[PDB]
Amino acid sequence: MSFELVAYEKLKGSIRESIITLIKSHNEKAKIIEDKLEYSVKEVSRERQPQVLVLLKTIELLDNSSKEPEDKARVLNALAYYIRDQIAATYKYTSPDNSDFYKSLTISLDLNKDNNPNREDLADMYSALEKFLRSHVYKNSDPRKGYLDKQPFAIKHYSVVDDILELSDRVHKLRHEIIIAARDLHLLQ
């Protein structure tokens, strides 16, 4: 079981489409400005607002980056996957499919029984995402050197540093598990 990254342009497109649909599910008459989707974000629930703005800021920054297509894809796939998981965690006894946005993330990512991230994949994805965020929070991505004067991720009801720590924790746990699994495979061969 392994995950193929969705190509960046395609994923960008389907995420933007799902955001438009989310906006319209609250207000069918919303006037969408194509190159200013963030201005319509006020239409979605307080809970979804920062997730949407982080996705859109991520897309704007990657679009302006010098990154190669696969690295751009790895970042956007990782964030979509992460936000999807964040929504799943808010459901304590029924399906997260109850959230149309959740469903749209599953679809955008083309997730299915045979196409789904293993520990390695997740470690690579979340690591790339964590690096990306650090690159847009700290001088030289290095918190020792302080914060950038301009904080693209200073978004209301969002803590980019909380996300960096969390992503770092998941990566750390995933790398731990990979080591442990290799040990068991070694000793039990």
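Throughout, we count residues from 1 along the sequence that is shown.
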Which has the higher mean CA temperature factor in the PDB entry, 176 to 184 or 16 to 24? 176 to 184
Determine, for stretches 32 to 40 and 117 to 125, which one has the higher mean CA B-factor as deposited. 32 to 40
For 51, 135, 58, 151, the deposited C-alpha B-factor is largest at 151
Would you check the entry's CA temperature factor for residue 72 and let me know if it's in the chain's lowest, middle or highest third? highest
Would you mind checking where the Cα B-factor of residue 99 ranks among the modelled residues of its chain, as the lowest, middle or highest third? lowest
